[PDB]
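Reconstructed Cβ throughout: ideal geometry from the backbone, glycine too, with neighbour counts over all protein chains shown. Each reported figure results from applying straightforward, stated rules to the coordinates on display, with no laboratory input.
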RNA sequence: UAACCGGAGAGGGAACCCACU
Ligand SMILES: [Zn+2]
Ligand SMILES: [Zn+2]
Ligand SMILES: [Zn+2]
């Protein structure tokens, strides 16, 4: 359904306003939610006070 | 699914009376007319017509619940005048006035139309 | 019973001319599930008249 | 003697399906296909 | 202790609305007529739809609903029919109903506007409002879709369903200048003048008039096509007068039987 | 419908108060002999939608409308699934006038 | 989806005005001068035709056959 | 046996045949099958676009002209 | 000097996201 014009989205019984972006898995549309995390490859100096450490240079 | 059918606001069931008079006991010469399947259309003209009667000491109407189709009209008159005839005379002349208003609207139409 | 499950048509009283399928009938009344509204009313069994739904010519 | 007629998806041609049949259109080949309206009495209240 | 003598004065009469003025009446009588214009004036409207084939993109109940809202010219019929629930018949009668019929199939290539031209009546006088301006679109069909149904029009009033409501809008008004101070303006000059205001452009509201009642109720009844705008009125006066006569009969029975 | 085992198999079939042993108090003739209700048919709560039997004589295994749901059958489609079994989806429509208790924002 | 028959508030028939109103806008009328050339005064009746979005034209694109 | 004497662009097989004809053109490293497929596809596209405008010839054509001009 | 039928609560478990107050 790609680069396909608007008559043809409607000839395949689809809507041209559908955004896309989801999977059909056993006839269910599933979305992948974006998960955040920490940036890798970067030095971060924190300070946990609830331990034996004054500082911590994670990476 | 619990919706009442819409003809239930004007159609009388089987056994319901249209109108029902109950003598009121707190004050002398007072009655309560309970009209079924009516609303503020008919209850307001009668009350305002009864307040024109000089021998009527109290007149009012209420609608106890709006989901239910019943009004109560409480009339109190002076001891030489029962509220049964106050309520009757308040309708007889309300009729005479509506009939006269109809005659006059009809001649005013047929004069406006080409005239 | 006898008319349970048949299509009737209410022919008197406030629901005149209203179509539904009988769900439960007794000797006196019947419960008609009305076709338009979403409701099952209980009507007298003499206010009803069977309409039926059949096809002829079966060939 | 009614054979349970279906309407194809992509063809819109009535097919006859009896039991123990593959659901496929008698032409063009289509696995999705729908049923016809009822013959009973549909009466609405214009309400 | 008695009645009042109202007087009427039609100021404008077209075939779509009437503007009249009623003088010398109580506010309750003048407002209760206003309510009878909206609910209790009988009119014919499609109320029974049997759908034989519907393949449009609209529902089955979407068509039937849009068909009930099509106004049908009830004008001298509506006072000869009976209510359906009172006809001593089985399955509608020419004496309590009017039968309609729509049969449309789009065969051509362009889309079909099923309009109310297609609703064919069996009485020549109760027709949808097409007589003498487009027509109420019911559906639009594509190539190969269709609609056959037959429908029935019965008598009713706007208290059951709004489809039996003969008016576009009733414009009641009384006392245009705030002479009675029934409404109290916080800044009386920010308010535009009524249409009927016998007031100059200098002053804002009329000076307060302590002993005084409403009269001169100004009305503007606008029809939706179904009845003619002066028949809505003459029928609301008779419909109200008939509610009252019936109440009086039931009352005299309650009195004599106590 | 499926092959449950050697002796067990499901099939779309009007049950009958004769062979299907488990069986409901319902109206089964609303559905036609295909075992599937047809579009345009008014249904209500616990009316049978898809008649289905599984062999043991036959048990009833049919699907019913959710209690108090009350629609009109909108369209019925029949097809096969990856396993090549008959598979149908019925949808039921239900008009909702705005009565009181309904939430508006 | 398709133009309502009546104005919800008022009662006035607006079902016959969607084609006329799209034709006047095609001509040259501005949208406020089209709405009273049709005869719609109350602003209750005027939002029926301004706010209406016509979806049945998109639903007709999904032909069942041809 | 039914498809043999029955034409493939009649009626709803139009888009599916369009993508399948593109797939048949792409699957081929021979230029002759690609050019035959390109000609068949352009002819089918023109026939389908004509059929599509003829059905949209009325009352959708009229609203396209009004939206194009309203913006 | 006669008159045909009788059977009934059925039935389901585990885990996860979304949403409402
Ligand atoms: Zn096939
Ligand atoms: Zn009759
Ligand atoms: Zn309006």
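General remarks:
- Computed [θ] at 222 nm, deg cm²/dmol, chain B (DSSP H ≥ 4; -39,500 (n - 2.57); rounded to nearest 500): -12500 deg cm²/dmol
- Using a Förster distance of 60 Å, the FRET efficiency for residue F:80-residue E:50 (Cβ separation, nearest 0.05): 0.95
- Averaging 1/r over each pair of different alpha-carbon atoms in the range E:54-131 and inverting the result gives 14.5 Å, the Kirkwood hydrodynamic radius.
- GNM flexibility winner over chain B from B:100, B:51, B:42 (Cα, springs under 10 Å): B:100
- Percentage relative contact order, chain B, counting C-alpha pairs under 8 Å, at least six apart: 22
- Inter-probe distance in nm under a simple model that places probes 7 Å from Cα toward Cβ, at residue A:36 and residue A:50: 2.1
- Spatial separation of Cα centroids for the range E:216-237 and the range F:60-75, in angstrom: 48
- Here the Gaussian network model covers chain G, with springs between Cα atoms less than 10 Å apart; of G:25, G:40, G:55, G:55 fluctuates the most.
- Whether chain E is rounded, prolate or oblate, judged on the alpha carbon gyration tensor where a/c under 1.5 counts as rounded: oblate
- Modelled FRET efficiency - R0 41 Å, residue D:32 with residue E:16, Cβ distances, 0.05 increments: 0.20
- For the range F:1-82: rounded, prolate or oblate by the Cα gyration tensor [a/c cutoff 1.5]: oblate
- Note on residue E:200 and residue C:28: their simple-model spin labels are 7.9 nm apart, each label 7 Å out from Cα toward Cβ.
- Nitroxide proxy distance, nm - points 7 Å out along Cα→Cβ at residue E:148 and residue B:65: 4.9
- Proxy reagent accessibility, fewest Cβ within 10 Å first, across C:15, A:53: A:53, C:15
- Shape call, chain G: gyration tensor on alpha carbons, a/c limit 1.5: oblate
- Per-pair calculated FRET efficiency, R0 = 30 Å: residue A:2 and residue H:46 via Cβ, rounded to 0.05: 0.85
- The range E:44-74 and the range A:29-59 have their alpha-carbon centroids 64 Å apart.
- Here, the protein assembly as shown has an Rg and a Dmax of 34.0, 116 Å when only alpha carbons are counted.
- Relative contact order (%) - criterion: Cα under 8 Å, at least six apart; region: chain G: 40
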